[PDB]
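Laid out below as C-alpha cells are two forms of one and the same protein chain, each shown alone and named structure 1 and structure 2.
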Structure 1
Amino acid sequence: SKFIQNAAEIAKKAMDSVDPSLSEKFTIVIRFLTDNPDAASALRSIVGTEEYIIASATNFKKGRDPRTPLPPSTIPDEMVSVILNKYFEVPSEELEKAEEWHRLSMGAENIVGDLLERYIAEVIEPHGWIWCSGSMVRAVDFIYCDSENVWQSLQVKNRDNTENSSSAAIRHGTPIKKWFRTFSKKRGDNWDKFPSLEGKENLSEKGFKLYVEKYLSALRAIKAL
C-alpha cells in the first residue's frame, strides 16, 4: 500500500532506462500514487515497492505504444447464422459476410475506449495534464498538479451505460472529474459537458473522428512491418 520513500528517484531512474522522454510524466504519476496509494492498481511485486515502480515504468510506456484493433479469436456459433437467416431474413449468400462483420464490429467496440484516451491525451498533455497510460492507476485516466499544488484528476468512458464500480476515494486532491462521450439511448454526444480543464476547448467529436481516421490509417500503413 504505502509507497517507498524514495519513490520519485526510483521512478526517474526506472523510466530513464525505458524511455527518458516519459520520465517526467511517469515521475508525476508516481508522486500522485504516493499521495493516493489506494489509487494504485495491482500489476508480481507489491504496490509501492521499488520492484513495483520499475515494473510500472514498462507498463506505463507500453500503454503508449500503438495497440492494433483485433477481432475475437473465437469460433462463432453457427446457430447465430441460422437465426439471422430464418428469423431476421438475412440472405444465405450474405451470412458469411454478416458473421465476419459482426466479429470486426466487436473488435472495433473493444478499441474505441483506448482510442478515446489517446485522442484526449494528444490534446491535453501539451497543457500539462498527464495520461495515466497502462494499468497502474485505478479508475483515473488523467491527472494534473495545478497552480495551487492540488491534484486534479479525470476519468473518461466511452458510454454512459457502463456500471462504474472499482473506485476507491482520492485522499489528496479534488474529487475525480468523471465524463462520458456517447449516450446509449439517444443520438449525439457529450463533448459539451467535457470538464473544465486546460485544453478542453480544443476537444470535439469531429476532432475525435479526425484523430481516429488518421491514426487507424497509420496503423494500417505499418501492418506489414
Structure 2
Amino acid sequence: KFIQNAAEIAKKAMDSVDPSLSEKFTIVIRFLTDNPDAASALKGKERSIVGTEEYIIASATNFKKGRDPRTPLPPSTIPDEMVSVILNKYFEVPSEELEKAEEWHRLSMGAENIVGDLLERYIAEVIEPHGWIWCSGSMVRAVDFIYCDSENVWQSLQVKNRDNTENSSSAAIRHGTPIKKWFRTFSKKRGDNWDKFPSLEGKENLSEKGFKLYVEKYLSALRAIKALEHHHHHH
C-alpha cells in the first residue's frame, strides 16, 4: 500500500514544513509502512490513496497542523430541548435555572474537550525528548504515541483524560492490536493515575502538578492574545 520510497518522500516533505519535525515524521511513516492497516484515512478522500506520494505530503502538513496551538470558540451547538425537560421534571432543577444550566453545561463540554487536547500536548512536550513520538494529525488509527523499544519492537499508546472516557464501542478499536491505553483521572474515586504512565521516564517527568502548570501556561498565553486583540479593536 505504501510506495517504495515513502521514507524519502516523507523526509523531503517534512524538511519543507518543519525540519525539526522531520526525524519524528519519518519514523511515523516507517511505523505506517510496516503497519499499513494502522494508517487512518485522510479526512476527505478515499482509502486507496493511503500510502501514495500525495498522502505523504498531505500528512506532513496535517502532522504539523496537529501541533499548532488551538484556541477554540465556545460551542454554538443547538441545545436538545428534551435535556431541559429531564433536568426539570426528573432531577427537579427549577425552571428558572434551566437557561444557565444549558449554558454552563455547554461551556463545561467545551472545557473538557480543551482538557483532552492539552493533555496530549503536555505529555508530548515531556516524553518526545525521551524518544517517544507524538502521532499528531490523526495519522495512526487509535494511537497517540509510538516508541521503538529496546528489542526493536514498536510500542503504541492511546491516552484518555478519564477511566470512563470510552464506551464498549470506542474501546473495541484496540481489539486485535497491541495498543496500550492510559488515562489521567478517576471518575468514582479521588487522585490521579500519573505514576502508572508507561515507561520509567514517563513516570518521573509527568505529574498532575506538571499538567496543571502546562494548562496555566496555555491560559496565560490566551489572556495575552485576548489583551493584544482587545487593544487592536479598542485603542
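C-alpha atoms forming the largest set that superposes within 1.5 Å between two forms make up the rigid core. Counting starts at 1 with the first residue of structure 1 and goes up one by one along its sequence.
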Rigid core superposed: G63 CA moves 2 Å or more between structure 1 and structure 2 | no
Comparing between structure 1 and structure 2 on the rigid core: C-alpha of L95 shifted by 2 Å or more?
-> yes
Superpose on the rigid core, then tell me if the C-alpha of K86 is displaced by 2 angstroms or more between structure 1 and structure 2.
-> yes
For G207, CA displacement between structure 1 and structure 2 after the core is overlaid, in Å | 0.8
Report, to one decimal in Å, how far the Cα of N164 moves between structure 1 and structure 2 once the rigid core is superposed.
-> 5.4
After lining up the core, report the Cα displacement of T174 between structure 1 and structure 2 in Å, one decimal place.
-> 8.5
